[PDB]
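> This one is an experimental structure. Sequence first:
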Amino acid sequence: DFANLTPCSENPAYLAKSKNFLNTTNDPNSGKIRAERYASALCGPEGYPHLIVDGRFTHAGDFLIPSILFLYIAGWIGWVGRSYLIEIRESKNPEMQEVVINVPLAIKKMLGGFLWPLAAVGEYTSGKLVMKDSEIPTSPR
Amino acid sequence: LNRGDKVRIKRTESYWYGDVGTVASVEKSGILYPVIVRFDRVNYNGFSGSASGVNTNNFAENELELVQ
Amino acid sequence: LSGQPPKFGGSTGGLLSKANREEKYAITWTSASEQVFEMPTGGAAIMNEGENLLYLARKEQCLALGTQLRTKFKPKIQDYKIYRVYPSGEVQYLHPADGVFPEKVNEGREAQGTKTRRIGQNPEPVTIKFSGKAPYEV
Amino acid sequence: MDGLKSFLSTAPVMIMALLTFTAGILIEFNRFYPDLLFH
Amino acid sequence: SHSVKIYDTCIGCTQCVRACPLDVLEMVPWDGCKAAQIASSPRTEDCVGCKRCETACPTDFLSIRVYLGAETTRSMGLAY
Amino acid sequence: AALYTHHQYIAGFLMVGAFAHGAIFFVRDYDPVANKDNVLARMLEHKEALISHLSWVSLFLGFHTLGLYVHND
Amino acid sequence: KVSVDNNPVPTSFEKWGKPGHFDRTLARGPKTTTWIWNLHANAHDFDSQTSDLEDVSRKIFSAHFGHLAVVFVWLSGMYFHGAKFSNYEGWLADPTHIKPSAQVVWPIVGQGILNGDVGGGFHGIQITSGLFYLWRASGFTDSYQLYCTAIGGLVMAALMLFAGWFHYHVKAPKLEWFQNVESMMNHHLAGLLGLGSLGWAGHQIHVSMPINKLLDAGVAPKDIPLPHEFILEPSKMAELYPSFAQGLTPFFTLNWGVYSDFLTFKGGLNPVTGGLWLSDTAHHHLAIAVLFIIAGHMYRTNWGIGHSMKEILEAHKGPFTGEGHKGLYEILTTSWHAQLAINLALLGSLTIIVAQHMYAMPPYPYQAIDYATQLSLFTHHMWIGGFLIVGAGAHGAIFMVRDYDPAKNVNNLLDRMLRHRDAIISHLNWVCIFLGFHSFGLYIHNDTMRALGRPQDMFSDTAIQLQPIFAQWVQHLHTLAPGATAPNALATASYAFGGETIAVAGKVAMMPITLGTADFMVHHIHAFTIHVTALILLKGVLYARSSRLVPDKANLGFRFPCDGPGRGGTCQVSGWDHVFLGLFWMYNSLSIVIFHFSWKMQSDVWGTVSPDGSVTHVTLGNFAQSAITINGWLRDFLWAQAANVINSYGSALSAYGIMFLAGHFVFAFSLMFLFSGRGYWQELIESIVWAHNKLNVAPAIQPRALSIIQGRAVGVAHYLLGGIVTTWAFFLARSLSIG
Amino acid sequence: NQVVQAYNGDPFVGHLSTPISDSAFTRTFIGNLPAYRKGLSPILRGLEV
Amino acid sequence: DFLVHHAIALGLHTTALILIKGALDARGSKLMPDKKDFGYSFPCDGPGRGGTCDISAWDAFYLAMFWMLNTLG
Ligand code: CLA
Ligand code: CLA
Ligand code: CLA
Ligand SMILES: CC1=C(C/C=C(\C)CCC[C@H](C)CCC[C@H](C)CCCC(C)C)C(=O)c2ccccc2C1=O
Ligand code: SF4
Ligand code: SF4
Ligand code: SF4
């Protein structure tokens, strides 16, 4: 319920501080736009937006929409980095392709990473994502 | 095992235990470790600050599992 | 031990009280010409022509100079003999122990420290917990 | 010119090319759309 | 005095003896490798323990080992 | 203040020394033959999965906890 | 004497795309991640790349040209930011009210708050480099003149880039051209320094002196005549200086006292600006110019007259020193590292001399009342000069490992230094223990006695006094120097020795600096910490080849980790590791020097001036009673004066608040590399390699932990990056706040 | 001439015969100090120390 | 209060990570498969094999003491 978190539209600490919001960019109304945007959040006793991350879809834009947007991009960086590393491993000189990146091969993989979650599920089902424990270098216990 | 045969190192003390290697030569002279195995990953070997290790080690028949 | 000392002006890196109380080390080599060698104590000394007798504090100092006699000189002095000198007058011939340099295999040498197994086939420390002996020992 | 293409495709240059382009995205997105604490 | 042990994975390329600065190691005849020689350690009383032999060993894991044991004047590398 | 800080600093010593003697256990007193396939051997068996996931959790926590503090600074 | 080789190295990009080609062990390609780090460590090690000294010296000459192109671009950037993004025209109208600023930040993510009000409506980063004070002393009036220097800096940088390519790929000089050191010293004393000082004395007389005399008279910067107008029309020039109309005839007929109106030995400071008189500096530079052009005729090159530097070194032998300086000429004409060790030692000493001279004789107008500029310029040139002194101990030890030949080094000074290594070091070891107990233990006695409520038992001015009587006598001799031992000097060399208090804008330019018990103790602290930094680096040079521990360290190299755990442990025995330990002690030495500087200026020099002549200081004279104790250094210096860096958030100085915490982090990040070691980290990576092998994302370039030297190199880099950035943000936020 | 030589003839003992360590004045002062004076019993040379 | 528990969680997990890796690699590792032969507390195995600074299981007690104090700090 967050009884100790008043909304920022009815928070007197935020209302006395939103009129003195500074401009972060060259726009002279940057502090006014931030005052209207942060009014919909939940504020504490010091009039700053406290974010709720527990899983409520009312506060889905606090963490879940950052979570969905991050994991897509971070999955994209990991998947095209993994797929480039697999492709250059089959070449004559796999070592030199890491310090001297085959840039046309890199752009080909990086634009193909928009369908990484469908490619990750399919490669997990095919067994080419996860290696078996018998086929991996192992410490001597 | 012939030259070019792919083996997996079952010798636990080695750097390549669980890694795949390629048989380079087998010595027919009664050697305790007659099978020379070449690897694509060098080991830790060398002084501190060295950019590479050694990719070759001699093994016996009991320490190799057939892969290819 | 016979040999003239190399012409050296003296140094503070040389022998200490251990040389005349516990042990000191002597290196004896025959020089072809009057050359300049780096002392392991710091500084440059000049070889006397013929036999040379140099007293050093450690066996490592005699062998660092002996390594310098092998590879840093064009005539390639390869007959240096290294002795351990005791204060009781005992002179013990150390290197080479059989007259042949140890990187060359020699007949009559006996295997010391050789183990007829791998390092990974050493016994566990739990099986010899109260015996004194190490896993590499027994 | 071919080795100039190889030098421009080296690991220091391409990570400085990408991070400049990544900072080029993020600064410009926070210039036209600043102050985004949440969605 | 330290313990210098040589195991049967020796290939006999004599690199431990050439890296030895204290004349601890030497090559004895042997029948277990192609070079027909194994390193031995008859002079571990002069062993300082600096492990230059283990750096020079090319086999995997190590065909020569130095185990640091009791410290004497010789093994502590003291000129005094 | 003195009572809380004393008991936490003592408990920090006791926790690290617990894993320290946990490591003296594997060095000295551990038998892989008698502990074959039990819960102690299997901790050694997937020790690479244990260390890398603890390395993941520490990096997952530390990149963000410092990252949110440096953001807030 | 000129001997070049026609096109030795072809110009192509084939080696640009093949990294590691310069080293034989890196040309085979990477196998581990150590190859990437070895690519950067060995990139400029030209002696390790090439055994030919001629090809080594050719790489060195062209790398100098490329380095000068970097400095000229950096110089051009400072003049371009002064021309385009600065209030220099605004500052030139009101130097006492407008703060200097030459960096404007873009408005993004709230960082536009750093564009503080520096006066006149301008908003930007308040600069502390002193460039505005330098340009006013150069006569810079309009921003177009700063812009033309910025274009000319890029032209000079392009010519530095062209001459680097020309002298490596087209016409590279031979080894005999490089080894003609008598020609090089004749062309650098009489050339670079002598004509450069003569050119600047010509600039100062014709440009700097008339413009600054009019700017101090009250003439607006719009109404100043241009520098070429003084050259073209000498009627304005003779109006400012009446004996200028006699022309060059009093110069050639030795009637030099005609020029005494603009070539003065005034001394002291200009009361209008607080800087040195440009009549003094032009007469300084001309007297400097005559001496180096005279001194650049000392050495014999082609025409018979002159000195052979070999024959000077051959003659200087004594009874204590054997053969003397014999063979040092062959050392310094064959070893580049031996010359670099001398040049880093003296340039590092020179930059410390520059810092120690520029605060007490401030050479620029309105510099001495900018307490931020005075604190920054002292601190920057202390840190630069201390880093170079550590590099002297580096390339001293690199020469001993690599280029020391004992065949041509028998019984000379370098042979005999090696022969009594235990005599030098153990006495240097003793004098560090004596100074450490008798400077720091004085503080510990003071810290204990003040804690026990015994102020009479302390070492202070109200207790057991330790007066620096020899420095007070030298200070007294300098105050009595005008009229007695410098009779033609109207004022003292500096008011730091004693005498007048100079006020410019209601702020002290310079006061007498009275040295008491606190100044005695902190100078012996400085004498202690310099001696340890000398102890670590001299032992690194002397014991680079051998010791009683490891007698074959010359074969091991200059930069090696150790010789194993044997002999108890030979950890950090290399000459590199003494540079590694010397960098910490240089940080420890210089941080106390700039802390002694920052406290003694604010407590006993800097402050505001009452109209009747009274001076109140920034920290109200707390150096005499609190700089005798570690707690006073903790409380009244560190805790009190960092209130400005921690309350700076939400203001223009909040970037200093960010960077003060930023350096605290990199300090703590260093101790991961310093305290730990790579066999933990290699054992940690190989579990992360397993999780990459689990998902088939293990790289072909095998991930390795850093080498032992690189683990020390990263840790000493972050410790000194973290520590200096902390002090930089502490000094800059405090000294912009005060005044 | 040359006032620094080998200490007592041997150049491989780690010491040097210097004007501080092995001068004529040094040997007649150090050797005539109580701890080194010839013929003194330890009770008198302890007493004078 | 939220951020500092995650610093505490970072402090506990990283201190556990050094300690568990010290315990699980106490018998050996790929850099040193004979750490049980060398005991719990040994300096190193020389600068060979790339360098083996602080490779012992005692040296992970050493490193986690800093992290335990940092967590307790
Ligand atoms: C402020 C100090 C500090 C920092 C941040 C680190 C950082 C870390 N420690 Mg620790 N460590 C420290 C001091 C510190 N430590 C000291 C004093 C010791 C005692 C010797 C150790 C002992 C130690 C051990 C023994 C272990 C750690 C581990 C690690 C990781 C912990 C997981 C984590 O938080 O990662 C996430 C957070 C970070 C990496 C911090 C972010 C760093 C920067 C700010 C962001 C990166 C971008 C950067 C700016 C790019 C550089 C560009 C620049 C060149 C211009 C990480 C590398 C463990 C590890 O590596 O396992 C995973 C490990 O086993 N450390
Ligand atoms: C006139 C200056 C001068 C010159 C000509 C050289 C020349 C050289 N030095 Mg150096 N030296 C000097 C000053 C100088 N030095 C000083 C000031 C120091 C004290 C620190 C030393 C200490 C020293 C040592 C300790 C070593 C050398 C060595 C080298 C050689 C190769 C360097 C190389 O390739 O690594 C290039 C490597 C780098 C450029 C990486 C350094 C990066 C630093 C740590 C961080 C940069 C600081 C930066 C401002 C902070 C921001 C970082 C980031 C945010 C961007 C070469 C002969 C090496 C050698 O073996 O000699 C034969 C070596 O081991 N020198
Ligand atoms: C565009 C013309 C050009 C090209 C194609 C070459 C080509 C060659 N030169 Mg080079 N050279 C040039 C101009 C050029 N040079 C100039 C301008 C200089 C003066 C510094 C020299 C001086 C010189 C030296 C002293 C050496 C070479 C050598 C080399 C070879 C390899 C260089 C390498 O590894 O590159 C890859 C590396 C880089 C491209 C460096 C990247 C930039 C670094 C960080 C330096 C940046 C500072 C820069 C000089 C000035 C900054 C400009 C300013 C505007 C910011 C190759 C045959 C080397 C060799 O092995 O010859 C046998 C050798 O020792 N040259
Ligand atoms: C953490 C640590 C490691 C692990 C560190 C490693 C393996 C290096 C990590 C390097 C990362 C991948 C990049 C470092 C940051 C770069 C300098 C950033 C470059 C610029 C970017 C924008 C690309 C050691 O190897 C080590 C060795 C010896 C003593 C102490 C330590 C030690 O403390
Ligand atoms: S540690 Fe050194 S002295 Fe001992 S056996 Fe090995 S190489 Fe020889
Ligand atoms: S122990 Fe290693 S270095 Fe010595 S002979 Fe055997 S293989 Fe060669
Ligand atoms: S650096 Fe590491 S391996 Fe080398 S001596 Fe020191 S502790 Fe041993």
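Yep, it's here. Numbers count the residues shown, from 1 in each chain, chains lettered A, B, ... in the order given. Ligands and ions are numbered 1, 2, ... in the order given.

> wouldn't residue E:10 be in contact with residue E:36 here?
No - counting by Cβ atoms under 8 Å, residue E:10 does not reach residue E:36; the two are 10.8 Å apart. Backbone N, C-alpha and C define where each C-beta goes, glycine included.

> So these two - more neighbours on which side?
residue E:10 (25 against 13; other Cβ atoms under 10 Å in any protein chain shown).

> Can you point out the buried residues in the longest helix seen in chain D?
Longest helix in chain D, counting residues (DSSP state H): helix D:11-32. Buried residues in helix D:11-32, counting neighbours by 16 or more other Cβ atoms under 10 Å in any protein chain shown, are found at D:30, D:31.

> Which stretches in the chain count as strands?
No chain was given, so I picked chain A. Along chain A, the segments classed as strands by DSSP state E run A:6-7, A:42-43, A:49-50.

> not quite, I wanted chain E
Going by DSSP E, chain E shows strands at E:3-6, E:26-29, E:37-40, E:64-67.

> what helix or strand is the residue nearest to residue B:51 when sequence neighbours are not counted on?
In this structure, residue B:51 finds its nearest non-sequential neighbour in residue G:35, 4.0 Å apart by Cβ to Cβ, 6 or more residues apart in numbering or on different chains. If you go by DSSP states H and E, residue G:35 is part of helix G:34-41.

> what does that helix contact?
Residues from elsewhere that reach helix G:34-41 (Cβ atoms under 8 Å, 6 or more residues apart in numbering or on different chains): A:99, B:49-52, D:11, G:19-20, G:23, G:25-26, G:29-30, G:559, G:701, G:704, G:706-707, G:710, I:50.

> so who does the residue in chain E positioned nearest to chain F touch?
Closest to chain F within chain E is residue E:67: 14.5 Å, counting by Cβ to the nearest Cβ. With contacts defined as Cβ under 8 Å, 6+ apart, residue E:67 is in contact with C:134, C:136, E:2, E:3, E:4, E:5, I:37, I:38.

> who wins for most neighbours among the residues you listed?
residue E:4 (27 neighbours).

> Neighbours of the closest residue to that one other than its chain neighbours, how many?
Using Cβ to Cβ, 6+ apart and skipping residues adjacent in sequence, the residue nearest residue E:4 is residue E:41, 3.7 Å away. By the measure other Cβ under 10 Å, the count of residues near residue E:41 is 24.

> so how far is residue E:58 from residue E:41?
Remark: distance between residue E:41 and residue E:58 (Cβ to Cβ, to the nearest Å) = 18 Å.

> what do you get for residue A:129?
Separation of residue A:129 from residue E:58 (Cβ to Cβ): 37 Å.

> What of residue G:155?
57 Å.

> what's the answer for residue F:23, then?
Residue F:23 is 31 Å from residue E:58, by Cβ to Cβ.

> more neighbours, those two?
The neighbour count for residue F:23 versus residue E:58, taken as other Cβ under 10 Å, is higher for residue F:23 (26 against 18).

> can you pull the contacts of the more buried one?
Taking Cβ under 8 Å, 6+ apart, we find residue F:23 in contact with I:19, I:22, I:23, I:26, I:40, I:57, I:58, I:60, I:61.

> want to throw the strands of chain E into CSV with distance to residue G:423?
Shown next, in CSV, are the strands of chain E (distance: least, Cβ to Cβ, whole Å):
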stretch, distance to residue G:423
strand E:3-6, 37
strand E:26-29, 39
strand E:37-40, 42
strand E:64-67, 35
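
> Columns distance to ligand 3 on top of the ones you listed, output as TSV?
Shown next, in TSV, are the strands of chain E (distance: least, Cβ to the nearest ligand atom, whole Å):
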stretch	distance to ligand 3
strand E:3-6	44
strand E:26-29	42
strand E:37-40	41
strand E:64-67	39
